[PDB]
Amino acid sequence: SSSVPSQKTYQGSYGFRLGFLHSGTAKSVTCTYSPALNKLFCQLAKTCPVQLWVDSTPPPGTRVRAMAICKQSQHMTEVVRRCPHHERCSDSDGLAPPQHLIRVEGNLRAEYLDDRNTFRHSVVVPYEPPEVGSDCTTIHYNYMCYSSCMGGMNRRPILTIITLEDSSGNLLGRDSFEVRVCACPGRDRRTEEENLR
Ligand SMILES: [Zn+2]
């Protein structure tokens, strides 16, 4: 009735870790990642490219799961879901449950899970190796509530946990990042980094 997934970074046998575009903080950026904060800033329901880097190719049937949790210990048993307003909106892509914060864009093989025991939401896709001309695999995520949505992200720091799993669900790798969904990611990142003095 209470639990939390592990957030322990784990590179594993295949050298798994995340990467992000180096987009800077101009006002026009639709998303941007802060290395100093390990924090992705993005806009509501827009493309967030997240890169999967491995040193060696994982086995057939490997999968990539994303799940959101509250970062603070006093809230980590609370399931992260969309707020009442956005859950009722007509923004369904035909695949994602209306309550799920995290969607995958542009992948018809995305699978969405309400865990039967923990009730937590996640979205999982097949692992694909990098395409011709690329050195990493990119997943396009969408975050479907704002950080300020009460009943949703609740103005709480939220962590996204990305896990590399084998076909049976066993852990092969894990990485994570804080996520802020906001109107102007470039300005918000530069403002939060200004305090790093
Ligand atoms: Zn919302």
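-10 is the number of the first residue of the sequence shown in our numbering; add one for each residue after it.
Yeah, the Cβ is synthetic: ideal placement off N, Cα and C, and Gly gets one too.
Distance from the CA atom of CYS134 to the CA atom of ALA99, rounded to whole angstroms, is 19 Å. Screening all residues for a C-beta within a distance smaller than 7 Å of any heavy atom in ligand 1 leaves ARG71, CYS72, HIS74, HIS75, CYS134, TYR135, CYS138, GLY141, in chain order. In the DSSP assignment, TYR101 forms a beta bridge with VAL112. By the neighbour-count definition (other C-beta atoms within 10 Å, threshold 16), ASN184 is an exposed residue. Collapsing the DSSP output to three states places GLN88 in coil.
Per DSSP, reduced to three states, the secondary structure at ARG178 is helical.
Taking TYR116 as the centre and dropping the five residues before and after it, the same chain places the C-beta of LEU41, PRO47, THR51, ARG52, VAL53, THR126, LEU153 closer than 8 Å to its C-beta, in chain order.
Under DSSP, the beta-bridge partners assigned to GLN40 are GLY8, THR127.
For the set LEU29, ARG145, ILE128, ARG71, the Cα lying nearest the Cα of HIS110 is the one of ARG71. Buried is the label assigned to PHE166, since at least 16 other Cβ atoms lie within 10 Å of its Cβ.
In the DSSP assignment, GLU76 falls outside any beta strand (DSSP E) and lies within the alpha helix (DSSP H) extending over 73 to 77. In the DSSP assignment, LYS28 falls within the unbroken beta strand (DSSP E) covering 28 to 31.
For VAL114, the closest C-alpha among the options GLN61, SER156, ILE147, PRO146 is that of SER156. Contact between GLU182 and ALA15 does not hold, since their C-beta atoms are separated by about 14 Å, which reaches or exceeds 8 Å.
Here DSSP, grouped into helix, strand and coil, assigns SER157 to coil. Looking at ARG105, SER(-9), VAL112, the one whose alpha-carbon comes closest to that of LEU97 is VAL112. Per the C-alpha coordinates, the member of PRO49, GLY13, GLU120 positioned closest to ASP177 is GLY13.
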